[PDB]
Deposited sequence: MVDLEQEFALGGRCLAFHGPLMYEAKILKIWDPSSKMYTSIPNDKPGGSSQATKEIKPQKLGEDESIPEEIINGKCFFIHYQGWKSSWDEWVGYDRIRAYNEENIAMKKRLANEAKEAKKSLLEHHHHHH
């Protein structure tokens, strides 16, 4: 599952990346929890209407600047586990193979 400060994997574009959960949104109470206590969305805060009715998570991608931080739903977020890690690796290798394929047949 997903816990505050816990690791997770998330799609950003067609590939998956490791991230850290900083906030957990509850669609019902319209309040999220945070790591240094539920609270509503602040003056300059917001969640995409595309995912706001579901459980959302505000994540920070490991090794990326915080300006990339964002809310994601069960749409793009996945549990940090062997099966999803394998999925991550598999997509990487498929793109590696796709790259190899067209780079040759390019000319």
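*Which segments of the deposited sequence lack C-alpha coordinates in the modelled structure, numbering from residue 1?*
Residues lacking C-alpha coordinates: 1-6, 43-56, 128-130.
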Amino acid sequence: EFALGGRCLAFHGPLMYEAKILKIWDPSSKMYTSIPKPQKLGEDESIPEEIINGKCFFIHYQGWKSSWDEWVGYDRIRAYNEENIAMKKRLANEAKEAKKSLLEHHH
From here on, numbers count along this sequence of modelled residues.
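Averaged over C-alpha atoms, is the B-factor higher for 53-61 or for 39-47 in this PDB entry?
-> According to the entry, 39-47 carries the higher average C-alpha B-factor.
**Asked** In the PDB record, does 27-35 or 72-80 carry the higher mean Cα temperature factor?
**Response** Mean C-alpha B-factor is greater for 27-35.
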